[PDB]
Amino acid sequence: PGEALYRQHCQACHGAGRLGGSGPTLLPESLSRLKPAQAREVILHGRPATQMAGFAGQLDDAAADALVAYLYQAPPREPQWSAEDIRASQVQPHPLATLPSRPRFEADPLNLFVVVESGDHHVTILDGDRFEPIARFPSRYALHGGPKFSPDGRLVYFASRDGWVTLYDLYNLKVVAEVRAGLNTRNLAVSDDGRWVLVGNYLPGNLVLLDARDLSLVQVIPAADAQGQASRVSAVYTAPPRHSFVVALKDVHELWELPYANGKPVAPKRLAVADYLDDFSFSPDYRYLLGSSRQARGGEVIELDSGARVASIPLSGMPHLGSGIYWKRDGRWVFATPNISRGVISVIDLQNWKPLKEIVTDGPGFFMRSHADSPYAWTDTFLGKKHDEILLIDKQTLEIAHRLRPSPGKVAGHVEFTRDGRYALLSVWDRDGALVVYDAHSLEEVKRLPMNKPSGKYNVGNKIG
């Protein structure tokens, strides 16, 4: 009965077959982060300050539950998104060929910040020296993952949960092109020569290769092991020194490398893995791959050339290895990583792959960042009842040195530095949130920009260097 209800009240914005429109996509995969009870409240009483109105006046309890069950029930057949669908979605409001190649502003283009405002779905381009905005524009719904840049830092590529890819030109402050690569998307990667964008999708289970200059479609690459078993893509990353993309697969015992030195990467090199990999991190020299297993079997280290498993790292809880950092301690490489289920910062010695120590915190965090100029590692306890402070771990002592509390009570997380590391920018993820600027040397606040749930911020210089 929910189908008819959806057609009369919802399809006006959430689109036919729930694929999206004025409002977001409402497939089961789309709502994986939304509990049905929460989806039920949003339907009855709407979202404040959004175009989603409450329907409690037109629907009763039975109809309410019917819609909820309908949204979370799998369709009789899996929805498609073909090459034809992708090409038809392409738009090009400002092709590069028609735009000059000089910045239209004073700000240092290498110190600009891309700031995601996920509360009202906007993006701010921020002068990294004055800490003031030079542009702001609405974005696609639910941006996730770090926006990727071109090698020269001029272009930036956004990926939305619902599969929309946006190409923005920082020099002219204009949207260049957009295309829908899939229905449920993880992340995208840009090749180190600037030619290619590779989109890793959950739904469909495929990779989508786009031309990096206009987001046009090059080829759709189904994700399936050598036996033909279909799989979702966990994540895609670029290995510059290897001039290749590296793809983690969610559901098959396979790992892919797609080289692009000799042209469009459409043929994968398949490496067998003993256990599934959800996310991974590259060693500073891209020789080794640190992978986190879905099962609590600890971490896994793999040599990329051969594909051999060289070490197994026991890890407390479930480490978010994909966002870890490295640095030199006693002239030796060390690796730190936050955690999703336990309040700990796991630190690993790269030399013998031996875990050094486990730093205790007030709860599991989501992010970790540093800089060659900062003597600390900056992490958080994003996922805990205590979550309003940003922890600064001294690199040499491996102990929580200082703590920053931008807005007591509200959730704080994610750090990004200016290109010279002189300042650090922190986010307060709240409806009454803010982007807060701190002197990374004196650790004193300098400026505060109110924003509606600002998420990540990304410095051009640091990301392309």
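Throughout, we count residues from 1 along the sequence that is shown.
180-188 or 338-346, whichever carries the higher mean Cα B-factor:
For C-alpha atoms only, the mean B-factor is higher in 338-346.
Residue range whose averaged C-alpha B-factor is higher in the record, 133-141 or 160-168:
133-141 has the higher mean C-alpha B-factor.
Comparing recorded Cα B-factors across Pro28, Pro48, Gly413, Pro36, which one is largest?
Of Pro28, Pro48, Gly413, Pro36, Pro48 has the highest C-alpha B-factor.
Using the temperature factors in the entry, find which of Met368, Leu198, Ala83, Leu304 has the highest value at its Cα atom.
Each of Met368, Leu198, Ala83, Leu304 was compared by C-alpha B-factor; the highest is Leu304.
Is the Cα B-factor recorded for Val247 in the lowest, middle or highest third of its chain?
According to the entry, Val247 has a C-alpha B-factor in the chain's lowest third.
Third of the chain's Cα B-factor distribution that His122 belongs to, per the entry
Middle third, going by the recorded CA B-factors of the chain.
Where the record places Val273 (Cα B-factor, split into thirds across the chain):
Middle third of the chain for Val273's C-alpha B-factor.
Relative C-alpha B-factor of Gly263, binned into the chain's lowest, middle or highest third:
Its C-alpha B-factor belongs to the lowest third of this chain's values.
Give the position of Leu356 by CA B-factor within its chain, expressed as the lowest, middle or highest third.
For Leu356, the deposited C-alpha B-factor lands in the highest third.
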